[PDB]
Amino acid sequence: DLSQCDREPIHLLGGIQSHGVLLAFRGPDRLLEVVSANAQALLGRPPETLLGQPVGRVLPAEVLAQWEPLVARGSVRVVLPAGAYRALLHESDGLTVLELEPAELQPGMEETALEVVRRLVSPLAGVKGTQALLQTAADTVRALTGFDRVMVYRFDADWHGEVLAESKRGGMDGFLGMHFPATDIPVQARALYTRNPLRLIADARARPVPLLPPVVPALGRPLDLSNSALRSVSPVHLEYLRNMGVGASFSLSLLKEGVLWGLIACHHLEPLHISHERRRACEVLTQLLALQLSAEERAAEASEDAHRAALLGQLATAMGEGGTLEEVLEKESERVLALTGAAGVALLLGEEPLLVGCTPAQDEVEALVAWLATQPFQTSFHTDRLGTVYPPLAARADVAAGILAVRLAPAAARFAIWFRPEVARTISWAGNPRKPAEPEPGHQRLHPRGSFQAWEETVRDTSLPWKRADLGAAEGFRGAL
């Protein structure tokens, strides 16, 4: 893809985090084929002397005693000499991958998790605005994880993102309202996070534990750790966290109607391990947030649609109550503009344009019509940045940053064209987005930026986006004209 940031194969880095152990077994005899270099931590023996051995001769008696439920369920609690561990199974590269990580220590964890689930599934939760929904999600995730800072991060259209809501302990700094470059979470990371919706970095300073051997022998490349809970993350990102002053990180993908909408990101100033089952409990909260957002967004759409139908009905009542069509539209200007949330409208009903509200002058409208008549757009054309595709009005963002035009005839140049002014947006970037990384000379290593301090810019010449209800209202108004 675009940048070198996009090319690092983060699922093939060949390392795991030091708090866990990984063992990959092959074939009917379950012969050990890949093992983490720290595996004496739970095997009692030097791991390289166990490659090739069958599983019953490798694993502790305690784990073997749980093999049946492990195989059947893919996840069991095992009590080892080192303490309680969560054992996890998944498949990768034709191997059965066993991961062990420290298990949840609080017996009441799930009871606590059900309580915070209540806050987010409540009778009419999200009734103070979706902002209160986002805040509740940040608060409950922080309560359940104990992380110092929890942020709701939304991806915008160009895949840069912004923090919409933040929950943090007293005294902490935060990132509320700040924007971050798309390269902060590159394309292959976004792809992985769409398929694997949870990731924990327990200690941003710890060194990775390598796998032995360093390739899957049948493949000649490292074991695919795409679905591994212990996967050590990109070194560049660990440097990013260090530059942020973050010692531990945990994030959850927000998947809303199938697409990666954002993340809930958690930061801790010191190392912090969250158990597998506590992370899965937090995943319920994030799934609930996504459901609540969808329910409220669709509710808003349905309400907006009803308002547009009502406007069309009120205009039909106004019509035929006397006067020509032109007289009615002039008198009902406010309703005609509200159909599409516009500031002005031009009607070309056969002669010169009828200009209602704030529009460009007659000359500029007539020139725009002659251009629209050449364009390919079936029945409706819309843009929120007219100046990029129609230079004659590019300096006129005071009245025509956005347009929504509908055809009123097959071949003839008869249109209704609604206009919108620009909405300037002053945004704070977390660091200078003109320097989103610090590459070494030669451009072969790359480091993250050193500074996340606010850097201000104002986005101009773009209107509010045209909503689905705006487009439907315009289609429905065509029949009246």
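For every residue, the number given is its place in the sequence shown, counted from 1. Just so we're on the same page, rigid core means the largest C-alpha set that superposes within 1.5 Å between forms.
Participant: Of the stretches 87-95 and 321-329, which sits farther from where it is here in 7 other deposited structures of this protein, on average over its Cα atoms, after fitting the core?
Facilitator: Once the cores are fitted, 321-329 deviates more in 7 other deposited structures of this protein.
Participant: Between 262-270 and 336-344, which one shows the bigger average Cα displacement from this form in 7 other deposited structures of this protein once the rigid core is aligned?
Facilitator: More C-alpha displacement in 7 other deposited structures of this protein shows up in 336-344.
Participant: Pick between 103-111 and 125-133: the one whose mean CA B-factor in the entry is higher.
Facilitator: The entry gives the higher C-alpha B-factor average to 125-133.
Participant: Averaging CA B factors per stretch from the PDB record, which one is higher: 350-358 or 137-145?
Facilitator: For C-alpha atoms only, the mean B-factor is higher in 350-358.
Participant: From the list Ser380, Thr383, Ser253, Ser249, select the residue with the highest C-alpha B factor recorded in the entry.
Facilitator: Out of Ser380, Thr383, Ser253, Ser249, the record gives the largest C-alpha B-factor to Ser380.
Participant: Determine which member of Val328, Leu311, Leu89, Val163 has the highest CA B-factor, using the values in the deposited entry.
Facilitator: Checking the PDB record, the top C-alpha B-factor among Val328, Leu311, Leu89, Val163 is at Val328.
Participant: Going by the CA temperature factor in the PDB record, which third of the chain does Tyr153 belong to: lowest, middle or highest?
Facilitator: For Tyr153, whose C-alpha B-factor we compare with every modelled residue in the chain, the answer is the lowest third.
Participant: Select lowest, middle or highest to describe the third in which the CA B-factor of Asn243 falls within its chain in this entry.
Facilitator: It belongs to the middle third of the chain when residues are ordered by C-alpha B-factor.
Participant: Among all modelled residues of this chain, ranked by Cα B factor, put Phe452 in the bottom, middle or top third, i.e. lowest, middle or highest.
Facilitator: Its C-alpha B-factor belongs to the middle third of this chain's values.
Participant: Compared with the other modelled residues in the chain, in which third is the CA B-factor of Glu422?
Facilitator: Bottom third by C-alpha B-factor.
Participant: Please place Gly402 in the lowest, middle or highest third of its chain by C-alpha B factor as given in the entry.
Facilitator: CA B-factor rank for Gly402: lowest third.
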